[PDB]
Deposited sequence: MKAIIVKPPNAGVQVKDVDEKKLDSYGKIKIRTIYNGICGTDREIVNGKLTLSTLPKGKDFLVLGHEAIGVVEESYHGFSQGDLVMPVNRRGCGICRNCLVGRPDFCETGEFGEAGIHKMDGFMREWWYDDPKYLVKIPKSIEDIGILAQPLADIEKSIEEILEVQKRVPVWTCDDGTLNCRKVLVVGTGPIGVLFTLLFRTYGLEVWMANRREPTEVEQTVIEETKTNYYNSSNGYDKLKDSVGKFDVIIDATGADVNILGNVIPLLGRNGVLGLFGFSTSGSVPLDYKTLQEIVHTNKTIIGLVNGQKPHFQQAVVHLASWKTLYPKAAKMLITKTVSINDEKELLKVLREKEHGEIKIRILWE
């Protein structure tokens, strides 16, 4: 069977034929892979940047997948498109046992194509129906985004759950339309946060240390989103716009995220950390925590969407085809054939500028 394989924690990736007898099976339903997605986590593993590593000589890469059901089973018809949920439970703790290993208490969950579990960049795999999300054919083209968007659906749900601590966090009109969000860093993560917050009606500002890419300009225009070039810091944004109800660190590209953005966070506000710097140290002034304390601010770590969030992603992706057709059409950056080895190895190893999502097509 053809697979894309890695050997963690070391650098390197191969697209080659492997013995299917050695590849992990997770249930009874046979699924033939049609698309994979690639993200930053894949690049890190490919480049041996995930310094963590059983009877296996290699691990099948990839946790973003759409496959076709090969034979009708229970509820699944031959030809149905499915996406597998990638983080799976530790089998022990109460969160995993209710289908929510995003909140696993032991840290012993499995992550397809990352840790403990062969991923989905292979011709086909067997799965358990309970880990499959149905992908309507009417979203086949952008449906691979359901996996990364699930993370964002869970992150926003959590933010809103947290904000129930505020006796009234709605606006004069009963909505959250008056609430302002700053999305720090774009790429597929910040773009997806922006689109989802705008879906929900909140005002959004996207920020990068640069002028907008073409996709970002389309998002700005079509979703009526604002943009801030933060190349010279955030003083001008605070002076013009003021403070934000929610700030999202989407890309972890600011070594001083707290110092830079807490001053921009408004009373009762939430800073959600999704990306984070992977090296360094910075000074922490005492005024940062004093301000958090005085105004009931919260900082929350944001990670991992689960099956309900995958299903919510599907619904939103479907809505965007009608609400934001121009932007939706721009989110798949390109599709590379599994048979184009040179171009495939290139996109596995490194992002391209402006990239939102690269898909791999199985042919």
Stretches of deposited sequence not represented by any CA atom are 54 to 56
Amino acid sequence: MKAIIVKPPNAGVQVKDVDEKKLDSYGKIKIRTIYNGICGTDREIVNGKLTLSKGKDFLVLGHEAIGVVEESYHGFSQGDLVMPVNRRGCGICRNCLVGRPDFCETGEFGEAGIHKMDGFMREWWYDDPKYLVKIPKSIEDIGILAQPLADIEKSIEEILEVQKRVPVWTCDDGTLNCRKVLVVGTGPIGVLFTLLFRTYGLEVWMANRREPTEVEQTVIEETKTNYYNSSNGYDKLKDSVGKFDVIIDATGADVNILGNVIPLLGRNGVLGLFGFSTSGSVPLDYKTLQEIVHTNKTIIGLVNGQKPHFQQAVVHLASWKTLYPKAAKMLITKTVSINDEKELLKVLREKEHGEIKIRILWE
From here on, numbers count along this sequence of modelled residues.
Segment of higher mean CA temperature factor, 211 to 219 or 87 to 95:
211 to 219
Of 248 to 256 and 201 to 209, the stretch whose C-alpha atoms average the higher B-factor in the entry
248 to 256
Kindly indicate the residue among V183, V241, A150, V82 with the greatest C-alpha B-factor in the PDB record.
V241
At the C-alpha atoms, which of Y126, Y131, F103, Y73 reaches the highest B-factor in this entry?
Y73
Chain thirds of CA B-factor: placement of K56
highest
Third assignment of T288 from its chain's C-alpha B-factors:
highest
Split into thirds by Cα B-factor across the chain's modelled residues, where does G119 land: lowest, middle or highest?
middle
Can you tell me which third, lowest, middle or highest, the CA B-factor of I300 falls into for its chain?
lowest
Chain thirds by Cα B factor, record data; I142 belongs to the middle
